[PDB]
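*Asks:* Shown below is the structure under consideration.
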Protein chains: 6
Amino acid sequence: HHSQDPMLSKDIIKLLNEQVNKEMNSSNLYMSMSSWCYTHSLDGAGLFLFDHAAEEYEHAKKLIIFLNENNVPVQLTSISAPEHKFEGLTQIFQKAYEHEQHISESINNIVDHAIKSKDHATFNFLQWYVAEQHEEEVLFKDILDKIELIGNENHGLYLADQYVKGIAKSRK
Amino acid sequence: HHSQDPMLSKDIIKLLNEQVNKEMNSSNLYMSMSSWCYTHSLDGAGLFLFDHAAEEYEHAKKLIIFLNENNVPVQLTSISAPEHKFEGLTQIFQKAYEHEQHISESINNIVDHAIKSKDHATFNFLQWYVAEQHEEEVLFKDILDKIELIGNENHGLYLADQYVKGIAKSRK
Amino acid sequence: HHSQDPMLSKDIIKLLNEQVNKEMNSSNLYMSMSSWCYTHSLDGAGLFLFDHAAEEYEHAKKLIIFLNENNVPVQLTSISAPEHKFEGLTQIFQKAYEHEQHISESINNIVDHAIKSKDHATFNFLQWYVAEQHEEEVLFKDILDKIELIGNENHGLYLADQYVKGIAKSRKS
Amino acid sequence: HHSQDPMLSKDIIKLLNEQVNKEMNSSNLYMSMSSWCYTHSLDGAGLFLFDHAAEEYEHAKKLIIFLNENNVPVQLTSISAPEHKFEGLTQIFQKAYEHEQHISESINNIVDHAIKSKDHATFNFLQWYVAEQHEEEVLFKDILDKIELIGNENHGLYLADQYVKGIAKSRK
Amino acid sequence: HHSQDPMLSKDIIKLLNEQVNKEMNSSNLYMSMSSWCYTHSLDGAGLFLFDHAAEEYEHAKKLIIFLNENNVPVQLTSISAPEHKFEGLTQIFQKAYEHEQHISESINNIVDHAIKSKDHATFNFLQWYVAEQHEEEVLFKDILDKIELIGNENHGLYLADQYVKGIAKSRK
Amino acid sequence: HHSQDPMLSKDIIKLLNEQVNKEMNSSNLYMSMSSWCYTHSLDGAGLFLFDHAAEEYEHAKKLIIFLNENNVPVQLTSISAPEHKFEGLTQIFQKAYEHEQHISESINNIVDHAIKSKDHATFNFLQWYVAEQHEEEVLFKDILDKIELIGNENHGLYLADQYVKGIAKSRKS
Ligand SMILES: [Fe+3]
Ligand SMILES: [Fe+3]
Ligand SMILES: [Fe+3]
Ligand SMILES: [Fe+3]
Ligand SMILES: [Fe+3]
Ligand SMILES: [Fe+3]
Ligand SMILES: [Fe+3]
Ligand SMILES: [Fe+3]
Ligand SMILES: [Fe+3]
Ligand SMILES: [Fe+3]
Ligand SMILES: [Fe+3]
Ligand SMILES: [Fe+3]
Ligand SMILES: [Fe+3]
Ligand SMILES: [Fe+3]
């Protein structure tokens, strides 16, 4: 039997499949960072990063759904194991904020390509994704700002972890 | 500051970490199988397999939670691209059922090791997982049974896909 | 058309089928005991044993369901005519308690075999059955204890039967 | 202590005790037929026949209750192992319909004996049983009629099983 | 009058009776640790440890119930006076965590003996106890981790006690 | 860091700590009595005595709470192994009633000491304990009266146990 051709262009297909794998890598990275926090008595950060990792997989699932609906084959690729060794809470959140900046950049790029190739179905679809990623990038900026304000001096790690714990709980 | 040592034995840690990675791999496989179905007009099987893939990630998360609570570092390994080429609906579910048999075996192995090393916290924890995996293995057996009963002659693929669609919706 | 092979091992299949037939045999034994009581003015014990017999059939059905879901053919055997002649209420409950002890042992044997064969699907499935059988064994122990505490002196049978009647009614609701 | 004699005649006692054993045998036959269906991918018929087997045991229990209330000793004899060899879905339902015909005949016989004996307590008691058996005989006639209407050609068994599955669920 | 013999084996009887006495001893230890905290201005830890002591007595009662139902005589031996000399909050929780580890080991031992003896009534019974003990061991690990993360420098004891006070109230 | 001194006098502290240990000892005695009953087919008395044992521990906890709030160190002593061999239901309740009489006396002694030392915080605190202990002493008197009225002639033990079972159940709800 005959099935209809993919409804998206080759360039958009490539960028979207790359994005699915980027989100899966993100989930892995954040699970690893979370585990580091959990094994170093920082369960506030552990919980926050675990929940964030899960949300990254949710992004991957939403991108996959869009690919499926357009008759576009999903291309799940090989991905390196995430980094597992970290220096401390500050370094983790510095690395995470940088990572979010990079993800934001990657989304901006696809949206720009949608405009260029007049793919406004894809432009329209990606708007939840632009909005949600901006929120996440702002969130990591805010957490990093707070960790740096508190500092590492006497009880500082505890104070920072409890602050992140509060955010983790409030974000359901 | 000092954090407490991992609360599980080296062998159990190894087996549980391997299992996390197995479930992550399973999620990728099922996403790939789902995509094949969606791009070959089998959206019933597409939906069922997508939802099943998501459930495998849920298993991985629950295993991670148990590792975290026991102060056991999560060791996420490199991701290898899942199989993406398939012959048809029957072959997909034959491969899936075989995969589920393998997963059941892997769980039986961990539970047996928990008994052998007198790790009854782990034994007790794994019981939801034994129960749920059994349900999944039976489900795949039943779907494969139905696909083979229906056949492949005129309208057969359609009837099978609609049957699987019904199951997918009922499990929501 | 091809159907999938049985999902359980040959040894586990045989034990579970044997257990189905054990529960069916138990149901008949208890119906016969129940009838003896009813025909000897012991309707409290009659009701208790009737309801217990019915619960044994429910156990058989639950085991059959598990076999069915695993693509395991159910093998129902001949059921021997149960004992029908009894000496009295005490003898019936002595026999019943001994029977319950045997059933408990038979379950322990299957669960042990599941562990040894690494069949944790079956191990996990049987836990409701282990728990419910333990409660049943304890119940028959308690009833036997009570019958023996009361005795058959002046109104003893009546008192014991009423005691059992109360239990029967409480287990309904 | 003296207990009152049985309240029913020797002939009625014999017939009712035989009926209890007939219903128990029926339950076993239906469990066996059910198992055949389940192990041959016909879970619609499997469920239907399982639920029917349980209903036949319910009939046995109700007959036992009536014997008990009349101070009539219940005489359970050996219950021979049921047939387990079956050719297919049509043959199972052909055998089942014929079996239900025999059961209907057995009930008619007891009711006639009650009339002849002027045992109107028993006549009146059996009315639920006459009505329920009639409904069951009609039901098996209808299912067999449908299995034969559908036939075994391309997807026929699947359609028949799904039809019977519908009936099974509606009688829950 | 004759009463039925104990329903459990001699080895299982010994182990369960020893466990009752262990739980009673644990209750006393925790009451003593609780009192130390209360009399040293650590009422958060005082409340937590008091409530924990009461929970250990609840475990003793549940084990006693199981012995009673099996016609097994309860053998209460002398319960030696608990340690009352403590150095500080960290030492108390270090000792507590080590104590919970020992309790976990004792339970694993009984469950293993039940398996070896084919006593699955006892195995099945103990599952609530395995699960609840695991949660308690994890909890003490977490509290100790937090006490050590905070430390004893300026306001450290106060912060740790308030943290434990929070946990105490949340478990009510 | 400095914590405030105990808020109660040395003599009151000692009496209250002794009372904590008395209640813990009582709990164990009653658990042992309860077990004897359960293992001799007297589950009514078994349940009653088990629930009573648990209530004694609750008394110990309430006393500990008072000590804690007054910055008084709790001093838990060794608990001797309770008596475990008994002659029968009557002897158990004779022993229990005598025990309750002793507990009542021990409370009277503390309350009297509180009055003499002008410790009315402690006097006031103990009033729930005086009241609850009186109700307990009366209850054991009543049960003993009933066991002795019934006796052990033909079905006597059964009747007495069922009577106690009814009390046990009524005190739950
Ligand atoms: Fe993000
Ligand atoms: Fe994102
Ligand atoms: Fe699975
Ligand atoms: Fe799984
Ligand atoms: Fe049984
Ligand atoms: Fe049973
Ligand atoms: Fe019928
Ligand atoms: Fe019928
Ligand atoms: Fe058709
Ligand atoms: Fe504990
Ligand atoms: Fe414990
Ligand atoms: Fe500070
Ligand atoms: Fe008292
Ligand atoms: Fe008292």
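Just remember, in the structure tokens the first chain shown is A, the second B, etc., residues are 1-based per chain, and ligands are 1-based in the order shown.
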Could you list the residues in chain C lying within 7 Å of chain E, using only C-alpha atoms, and format the result as a list in words?
*Replies:*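 Using only C-alpha atoms, chain C residues at most 7 Å from chain E: residues 108, 112, 127, 130, 131, 134, 138, 141, 145, 148 and 149 of chain C.
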*Asks:* Show me which residues sit within 10 Å of ligand 1 when counting only C-alpha atoms and all ligand atoms, and put them as number ranges by chain.
*Replies:* A: 23, 26-27, 52-53, 55-56, 59, 96-97, 99-104, 129-130, 132-140
*Asks:* Set the distance at 6 Å and use only C-alpha atoms: which residues neighbour residue 81 in chain C once local chain neighbours fewer than 3 positions away are removed? I'd like the list as a VMD selection string.
*Replies:* chain D and resid 76 to 78
*Asks:* Up to 12 Å from chain E, what residues of chain A turn up? Count only C-alpha atoms and give them as an NGL selection string.
*Replies:* :A and (38-44 or 152-162)
*Asks:* For residue 72 in chain F, list every protein, DNA or RNA residue within 7 Å, evaluated using only C-alpha atoms, and leave out those in the same chain fewer than 3 positions away; present the list as a PyMOL selection string.
*Replies:* (chain E and resi 39) or (chain F and resi 6+67-68)
*Asks:* Let's have the selection written as a PDB file, in the first residue's frame, with N, CA and C atoms.
*Replies:*
```
ATOM      1  N   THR E  39      16.761  18.172  76.260  1.00  0.00           N
ATOM      2  CA  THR E  39      17.434  18.811  77.392  1.00  0.00           C
ATOM      3  C   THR E  39      18.655  19.634  76.966  1.00  0.00           C
TER       4      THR E  39
ATOM      5  N   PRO F   6      16.515  21.610  84.768  1.00  0.00           N
ATOM      6  CA  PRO F   6      15.216  20.961  84.981  1.00  0.00           C
ATOM      7  C   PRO F   6      14.270  21.833  85.808  1.00  0.00           C
ATOM      8  N   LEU F  67       8.060  15.160  81.146  1.00  0.00           N
ATOM      9  CA  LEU F  67       9.475  15.293  81.513  1.00  0.00           C
ATOM     10  C   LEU F  67      10.237  16.160  80.505  1.00  0.00           C
ATOM     11  N   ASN F  68      10.076  15.846  79.220  1.00  0.00           N
ATOM     12  CA  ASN F  68      10.720  16.592  78.131  1.00  0.00           C
ATOM     13  C   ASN F  68      10.416  18.098  78.170  1.00  0.00           C
TER      14      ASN F  68
END
```
*Asks:* Using only C-alpha atoms, find the residues of chain C whose closest atom to chain F is at most 9 Å away, then write them as a PDB file with N, CA and C atoms, in the first residue's frame.
*Replies:*
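Wrote part_34.pdb, looks like this:
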```pdb
ATOM      1  N   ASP C 142      -8.443 -21.307  64.836  1.00  0.00           N
ATOM      2  CA  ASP C 142      -9.219 -20.588  65.857  1.00  0.00           C
ATOM      3  C   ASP C 142     -10.556 -21.253  66.131  1.00  0.00           C
ATOM      4  N   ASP C 145      -9.879 -24.505  68.023  1.00  0.00           N
ATOM      5  CA  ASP C 145      -9.574 -24.105  69.407  1.00  0.00           C
ATOM      6  C   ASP C 145     -10.870 -23.830  70.186  1.00  0.00           C
ATOM      7  N   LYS C 146     -11.801 -23.109  69.560  1.00  0.00           N
ATOM      8  CA  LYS C 146     -13.042 -22.718  70.223  1.00  0.00           C
ATOM      9  C   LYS C 146     -13.982 -23.897  70.453  1.00  0.00           C
ATOM     10  N   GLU C 148     -13.090 -26.977  70.829  1.00  0.00           N
ATOM     11  CA  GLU C 148     -12.470 -27.785  71.882  1.00  0.00           C
ATOM     12  C   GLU C 148     -12.550 -27.138  73.273  1.00  0.00           C
ATOM     13  N   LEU C 149     -12.500 -25.804  73.325  1.00  0.00           N
ATOM     14  CA  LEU C 149     -12.687 -25.056  74.577  1.00  0.00           C
ATOM     15  C   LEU C 149     -14.119 -25.206  75.106  1.00  0.00           C
ATOM     16  N   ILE C 150     -15.088 -25.187  74.191  1.00  0.00           N
ATOM     17  CA  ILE C 150     -16.500 -25.312  74.553  1.00  0.00           C
ATOM     18  C   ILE C 150     -16.840 -26.750  74.951  1.00  0.00           C
ATOM     19  N   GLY C 151     -16.443 -27.711  74.124  1.00  0.00           N
ATOM     20  CA  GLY C 151     -16.771 -29.117  74.368  1.00  0.00           C
ATOM     21  C   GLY C 151     -18.198 -29.494  73.994  1.00  0.00           C
ATOM     22  N   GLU C 153     -20.361 -31.153  76.380  1.00  0.00           N
ATOM     23  CA  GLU C 153     -21.175 -31.170  77.592  1.00  0.00           C
ATOM     24  C   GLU C 153     -22.374 -30.235  77.411  1.00  0.00           C
ATOM     25  N   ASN C 154     -23.474 -30.540  78.098  1.00  0.00           N
ATOM     26  CA  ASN C 154     -24.675 -29.684  78.180  1.00  0.00           C
ATOM     27  C   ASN C 154     -24.715 -28.380  77.353  1.00  0.00           C
ATOM     28  N   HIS C 155     -25.348 -28.457  76.182  1.00  0.00           N
ATOM     29  CA  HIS C 155     -25.517 -27.335  75.232  1.00  0.00           C
ATOM     30  C   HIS C 155     -24.272 -26.956  74.437  1.00  0.00           C
ATOM     31  N   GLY C 156     -23.187 -27.705  74.633  1.00  0.00           N
ATOM     32  CA  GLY C 156     -21.897 -27.438  73.981  1.00  0.00           C
ATOM     33  C   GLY C 156     -21.947 -27.327  72.466  1.00  0.00           C
ATOM     34  N   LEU C 159     -23.769 -24.104  71.494  1.00  0.00           N
ATOM     35  CA  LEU C 159     -22.893 -22.951  71.708  1.00  0.00           C
ATOM     36  C   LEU C 159     -21.822 -22.840  70.629  1.00  0.00           C
TER      37      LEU C 159
END
```
*Asks:* Which residues sit within 8 Å of ligand 5, counting only C-alpha atoms and all ligand atoms, listed as number ranges by chain?
*Replies:* C: 23, 26, 52, 56, 99-100, 103-104, 133, 136-137
*Asks:* If we count only C-alpha atoms and set the cut-off at 10 Å, which residues sit around range 73-75 of chain C, ignoring sequence neighbours fewer than 3 positions away in its own chain? Please answer as number ranges by chain.
*Replies:* C: 6, 13-14, 16-18, 20-21, 63-65, 67-68, 70; D: 28, 31-40, 81-84
*Asks:* Hey, can you spit out that residue selection with C-alpha atoms as a PDB file, in the first residue's frame?
*Replies:*
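Generated output (selection24.pdb):
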```pdb
ATOM      1  CA  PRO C   6       2.946 -21.149  27.017  1.00  0.00           C
ATOM      2  CA  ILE C  13       2.543 -25.309  34.654  1.00  0.00           C
ATOM      3  CA  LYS C  14       2.133 -28.759  36.203  1.00  0.00           C
ATOM      4  CA  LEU C  16      -0.379 -24.701  38.992  1.00  0.00           C
ATOM      5  CA  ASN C  17      -2.731 -27.115  37.203  1.00  0.00           C
ATOM      6  CA  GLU C  18      -2.408 -29.468  40.176  1.00  0.00           C
ATOM      7  CA  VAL C  20      -6.408 -25.784  40.407  1.00  0.00           C
ATOM      8  CA  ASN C  21      -7.535 -29.351  40.944  1.00  0.00           C
ATOM      9  CA  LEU C  63      -5.524 -19.661  39.178  1.00  0.00           C
ATOM     10  CA  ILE C  64      -7.275 -20.513  35.881  1.00  0.00           C
ATOM     11  CA  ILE C  65      -7.256 -16.814  34.912  1.00  0.00           C
ATOM     12  CA  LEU C  67      -3.010 -19.878  33.343  1.00  0.00           C
ATOM     13  CA  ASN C  68      -5.196 -18.423  30.553  1.00  0.00           C
ATOM     14  CA  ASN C  70       0.004 -17.012  30.107  1.00  0.00           C
TER      15      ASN C  70
ATOM     16  CA  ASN D  28     -15.489 -28.126  34.060  1.00  0.00           C
ATOM     17  CA  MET D  31     -13.505 -24.170  31.628  1.00  0.00           C
ATOM     18  CA  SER D  32     -11.829 -26.654  29.300  1.00  0.00           C
ATOM     19  CA  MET D  33     -13.504 -25.155  26.204  1.00  0.00           C
ATOM     20  CA  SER D  34     -12.557 -21.686  27.490  1.00  0.00           C
ATOM     21  CA  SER D  35      -8.893 -22.700  27.879  1.00  0.00           C
ATOM     22  CA  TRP D  36      -8.808 -24.090  24.323  1.00  0.00           C
ATOM     23  CA  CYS D  37     -10.049 -20.734  23.026  1.00  0.00           C
ATOM     24  CA  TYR D  38      -7.549 -18.727  25.096  1.00  0.00           C
ATOM     25  CA  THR D  39      -4.629 -20.876  23.905  1.00  0.00           C
ATOM     26  CA  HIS D  40      -5.711 -20.521  20.249  1.00  0.00           C
ATOM     27  CA  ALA D  81     -12.275 -35.018  33.702  1.00  0.00           C
ATOM     28  CA  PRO D  82     -13.838 -32.991  30.870  1.00  0.00           C
ATOM     29  CA  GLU D  83     -13.092 -33.313  27.156  1.00  0.00           C
ATOM     30  CA  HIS D  84     -10.044 -31.232  26.218  1.00  0.00           C
TER      31      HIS D  84
END
```
*Asks:* Could you please determine the separation between CA of residue 47 in chain E and CA of residue 18 in chain E in Å, to one decimal place?
*Replies:*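 Computing the Euclidean distance for CA of residue 47 in chain E and CA of residue 18 in chain E yields 27.6 Å.
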*Asks:* For the atom pair CA of residue 169 in chain C and CA of residue 50 in chain C, what is the interatomic distance in Å to one decimal place?
*Replies:*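 Taking CA of residue 169 in chain C as the start and CA of residue 50 in chain C as the end point, the length is 12.0 Å.
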*Asks:* May I ask for the distance between CA of residue 101 in chain C and CA of residue 25 in chain C, given in Å to one decimal place?
*Replies:*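 According to the coordinates, CA of residue 101 in chain C and CA of residue 25 in chain C are separated by 14.9 Å.
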